[PDB]
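What follows is one chain in C-alpha cells, specifically the form deposited in one PDB entry.
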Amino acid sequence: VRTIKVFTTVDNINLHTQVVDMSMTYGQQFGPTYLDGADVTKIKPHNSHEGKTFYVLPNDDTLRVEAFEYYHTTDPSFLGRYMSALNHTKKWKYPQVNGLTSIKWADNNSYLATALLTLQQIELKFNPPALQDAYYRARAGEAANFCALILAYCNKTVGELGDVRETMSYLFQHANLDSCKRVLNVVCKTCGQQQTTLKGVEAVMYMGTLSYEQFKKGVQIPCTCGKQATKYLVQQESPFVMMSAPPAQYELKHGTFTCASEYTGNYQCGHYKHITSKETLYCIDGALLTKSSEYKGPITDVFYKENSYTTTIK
C-alpha cells in the first residue's frame, strides 16, 4: 500500500492535506476530482501529483461552507461547470490591446471579450471572492479563471454565442450596486404623470435608447393606454450607466461615452466588437485593434461614467 500526499480544495484558498492510495482512482477516494481544470475522477495517482492541488465537489458541511463563502452560490453543479469551462478558457489567449486584457477570437467568445473589456473600464466591486480574485488575475493578463467563472455564473458553456447585456445583467447581481438609485418621470397626455424610483441593477441598465443625453431630455415609449408617452431621467446615483437598444447605425463621439458594444449579424448569429474612448476612438476586436477620430456602426450597448445627476426639469 503506497501513498502520496495531495491537497484537495473547493476554492484554492483552503487546502486540505489528503493521503491518497496510489492503487485507487481519485474518483474512488474523493468523488469527482479535477487537476488544473482536467477531470481526473477515473485516473490513478502519479508520483508527480505529490504536493499538487486537486478540486473536489463540496461533499461535506466544511467544504459546503467554503464553496458558499467563495462562490456565493449553493448550486451543486457550479464547481463542475466552472472546471469544464476552465479546461477550455485556460487554452485561450489574452492579448494586451491598448492597456486592456482582451481575448483572441475562439469558441464564439466575442460577447465574452466585449464584457471582459467593459468590466476593466467601469467602477464595479464584485461580492463573491471568486469574482474579485479572478478579476484581479484578468487585470494582470490571465483572464482564464474570470472567463470560466462568467460562463458558470451565466449558465453558459464554451462554444455558445451570447449577449453582452444579459451577461452584464447576471454579473451585476453579484456586484455591490445596492446604493444605486434611479428616479424616472413618465408624462402621458391621456394618463398624466408617473414618478418611479429604481434601486440596484435596474437603476443602472436601460433597454430602448443608446443616448444618455436623450434619456435626460425624454424618450418616447408606449403607454398602457396605447398612446406614446415621454419618459425622462429625474435623478441618477451610480458610478456608471448602461444604455442598450436593438442594434442600429449610431455615431459615437470621442469624450461623450466610456465604451460601447458594436454588434453585426441577427438575433441568433453575429459578432461583437468593443469601442472605447481614450485620446481617440479605439475599436478592439479580440486581438485586432483599429483606431479612428470618428465612429459610425451598429451599436447595441453604450456605457457612461456617472456619480450624481439631478434634472433641472421642473
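Numbers follow the displayed sequence, beginning with 1.
Absent from the display: the form deposited with a small molecule bound. The rest refers to it.
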* Structure fact -> Given 139 to 147, 94 to 102, 76 to 84, 117 to 125, the stretch touching the small molecule in the bound PDB entry at heavy atoms within 4.5 Å is 76 to 84
* Structure fact -> Interface check vs the small molecule in the bound PDB entry: of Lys278, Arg64, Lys44, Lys52, the one with a heavy atom inside 4.5 Å is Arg64
* To do: May I ask you to state whether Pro58 is within 4.5 Å of the small molecule in the bound PDB entry, using heavy atom distances?
  => yes
